[PDB]
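All chains are named by letter (A, B, ...) in the order of the sequence lines, taking the proteins before the strands, and each is independently numbered beginning at 1.
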Amino acid sequence: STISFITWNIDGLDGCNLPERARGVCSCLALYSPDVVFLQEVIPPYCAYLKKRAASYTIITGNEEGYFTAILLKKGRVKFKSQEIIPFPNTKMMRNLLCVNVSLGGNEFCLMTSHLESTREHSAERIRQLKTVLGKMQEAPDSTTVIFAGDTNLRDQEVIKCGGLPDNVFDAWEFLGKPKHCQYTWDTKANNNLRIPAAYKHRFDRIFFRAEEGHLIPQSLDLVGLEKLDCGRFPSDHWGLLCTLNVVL
Amino acid sequence: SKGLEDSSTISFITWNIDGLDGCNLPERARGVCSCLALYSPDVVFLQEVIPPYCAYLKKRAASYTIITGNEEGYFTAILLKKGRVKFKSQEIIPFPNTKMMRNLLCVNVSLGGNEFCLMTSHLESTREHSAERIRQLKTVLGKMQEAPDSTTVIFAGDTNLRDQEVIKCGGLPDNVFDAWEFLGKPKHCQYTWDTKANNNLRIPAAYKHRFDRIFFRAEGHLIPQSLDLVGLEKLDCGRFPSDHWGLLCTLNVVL
DNA sequence: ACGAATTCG
DNA sequence: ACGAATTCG
Ligand SMILES: [Mg+2]
Ligand SMILES: [Mg+2]
Ligand SMILES: [Mg+2]
């Protein structure tokens, strides 16, 4: 059976046009009706909005104050079994690792998200956090399918410094042949929200998975959130990623 | 005076004398020159010299010939004791990507019956410019290796280096030694820039670094004898000659 | 949440 | 000529 999710850093720390941009995020979610949504940079009033607007999803959060991650699980498609939060002891930005154990498509999943330490200056801590994520991905039983989707803030060289992805962990964008149309998820030439008067682009938002051979097969990957809202800005400074996969029992 | 017994020795001071701080500069220059008068080094390597400072050196260090790394702005200089050092030529090597007018100054001399290439630089400043500083260090080390095998090469200057940056470079080449390391990393002269002990910059924090370093290319032919700090006395104005301490080094040239 | 510049302690 | 924090482009 086919499943879909979106992962999206929705820039709740930008207070400008935030109500309109939150409505814009959810209009995108309504269009694609994903089974799972992974969000980063949620803030408390944004979470309160989602609890009403997305009342058809079970909402799991990474914290209750500041800014944090969330995982939304479509009721009637996804059975919620537990949540786990793993700290990043040396974060300076309240980052952590949020996991949920669920049933979806007839199989058990561990679904994970994080907003890894931001900016070039904090590369070393970001690498330590990536190692924590990768270590946690190895802990689930082999019959459980593990998906991480989140804002990694990664540069390719940092993954190399980490040792590269393990032999049994795959990046969905790489798996699909490194398609150019959805490569960059943060692009200051195409996205004006931060008003950065220069052109930089990065593949900060990434999807990793661990599954028994042939039991999880990515089928599509697309950017979402590409349309300006009435205020002339985008829902976020990031594009979202929409991924569909076949879950084979 | 430098008699027969010490004819095998080269002594020198290297010092970033902070000519970019105009406040109290004439008095601070007199403080530097008082140090030069006390130790009478054969050679002085200076960084952050400015044109007015050259005039102060001509007045209060008149026994030294001045070779400069540029004519305007701020620049390095090598001072040669008249009657001891024979000047043979001056070479300047550019750092094409510097944003701070930095370069490599080489002065070829004869002293004590030996040929020397004496080099100084003020490598790119601040943690943010690490990449360019490492590129400049590679230029310096390459030039040290290129000199004729008969010549004795000494670099002394303000490197702005952090230890981790020399490791990123791959370490000093096999025939190039750091004088402080050679002498066993003595604690008394380890830090040459120290905002707890020196308040010239008025930084309200305590940080210390070994920015000022001496490299030499040598087998057993060049033996460091001593390394000591200078410039640790406050002057009449209540400030030091510079935000850096200077380094006083003696080396023996051996058969 | 970019790199470069600047301020503050 | 420090590092952190903030601001500029
Ligand atoms: Mg952000
Ligand atoms: Mg297909
Ligand atoms: Mg200086």
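We find that NE2 of A:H202 is positioned 10 Å from P of C:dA1, with the value rounded to whole Å. The distance between atom CZ of B:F211 and atom P of D:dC2, rounded to the nearest whole Å, is 5 Å. As a whole-Å value, the separation of A:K92 NZ from C:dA1 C1' is 17 Å. For B:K208 and D:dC2, the NZ to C1' distance is 13 Å, given to the nearest whole Å. Straight-line distance from the CG atom of A:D187 to the P atom of C:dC2: 13 Å, rounded to whole Å. In this structure, B:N199 atom CG and D:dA1 atom P are separated by 17 Å, rounded to whole Å.
With hydrogens and angles left out, the side-chain atoms of B:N160 and B:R133 include no donor and acceptor closer than 3.5 Å. Checked by atom type, the side-chain pair A:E125/A:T91 shows no donor-acceptor distance below 3.5 Å.
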Report summary line: Read 5' to 3' with Watson-Crick or G-U pairs under 3.5 Å, [ ] for crossing pairs and | for partners on another strand, DNA chain D gives .||||||||

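Residue-level contact check: A:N9 touches the backbone only, with heavy atoms under 4.0 Å from sugar-phosphate atoms and none from bases. Residue contacts shown for B:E124 are absent, as no nucleic acid heavy atom lies under 4.0 Å away. Residue B:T126 is classed as a sugar-phosphate contact, given heavy-atom separations below 4.0 Å to backbone atoms only.
Against DNA chain D, the stretch residues 223-240 of chain A makes no heavy-atom approach under 4.0 Å. A heavy atom closer than 4.0 Å to some atom of DNA chain D occurs in B:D158, B:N160, B:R162, these being the qualifying members of residues 157-165 of chain B.
Judged by distance alone, with hydrogens and angles left aside, the side-chain atoms of B:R239 form a donor-acceptor pair with the main-chain N or O of B:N200 at under 3.5 Å. Put simply, the side chain of A:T7 never gets that close to the backbone of A:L241: no donor and acceptor are under 3.5 Å apart. For B:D194 (side chain) and B:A197 (main-chain N/O), a donor-acceptor pair under 3.5 Å exists by modelled atom type.
Applying the side-chain hydrogen bond (donor to acceptor under 3.5 Å, both in side chains) definition to pairs two or more places apart or across chains, those involving residues 181-190 of chain B are B:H188-B:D228.
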Query - Stepwise salt bridge (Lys or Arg N to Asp or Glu O under 4.0 Å) check, A:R203 with A:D171 - result: CA-CA 12 Å; A:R203 189 169 73 89; A:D171 178 309; 2.9 Å; yes

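We find the CG-NZ distance between B:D163 and B:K168 to be 11.5 Å, quoted to the nearest 0.5 Å. Summarising the geometry, atom NZ belonging to A:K201 is positioned 14.0 Å from atom CG belonging to A:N191; distances are rounded to the nearest 0.5 Å. Atom-to-atom distance recorded for B:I154:CD1 and B:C249:SG is 7.5 Å, nearest 0.5 angstrom. Note that CH2 of B:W180 and OG1 of B:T192 are 10.5 Å apart. Values are rounded to the nearest 0.5 Å.
Minimum atom distance to the side chain of B:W193 is reached by D:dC2, of the listed C:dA1, D:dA4, D:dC2.
Rounded to whole Å, the separation between the P atoms of D:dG9 and C:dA1 comes to 23 Å.
Look at B:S125 and you'll find a side-chain N or O under 4.0 angstrom from OP1 or OP2 of D:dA1. For A:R120 and C:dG3, the shortest distance from a side-chain N or O to OP1 or OP2 is below 4.0 Å. A sub-4.0 Å separation between OP1 or OP2 of D:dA1 and a side-chain N or O of B:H129 is absent. Between B:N198 and D:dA1 there is no side-chain polar atom (N or O) within less than 4.0 angstrom of OP1 or OP2.
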Would you tabulate the side-chain donor-acceptor contacts of residues 70-80 of chain B under 3.5 Å, counting partners in other chains and residues two or more places apart, or write 'none'?
unit_1: B:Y74; atom_1: OH; unit_2: B:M100; atom_2: O; d: 3.3
unit_1: B:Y74; atom_1: OH; unit_2: B:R102; atom_2: NE; d: 3.2
unit_1: B:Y74; atom_1: OH; unit_2: B:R102; atom_2: NH2; d: 2.9

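Aromatic ring centroids of A:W239 and A:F234 lie under 6.0 Å apart. Ring centroids of B:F12 and B:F45 are separated by less than 6.0 Å, placing the two rings close together.
Below 30°, between 30° and 60°, or above 60°: for B:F215 and B:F155 the angle between ring planes is below 30°, a parallel geometry.
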Check: protein-nucleotides 6-9 of chain D nitrogen or oxygen pairs below 3.5 Å:
none

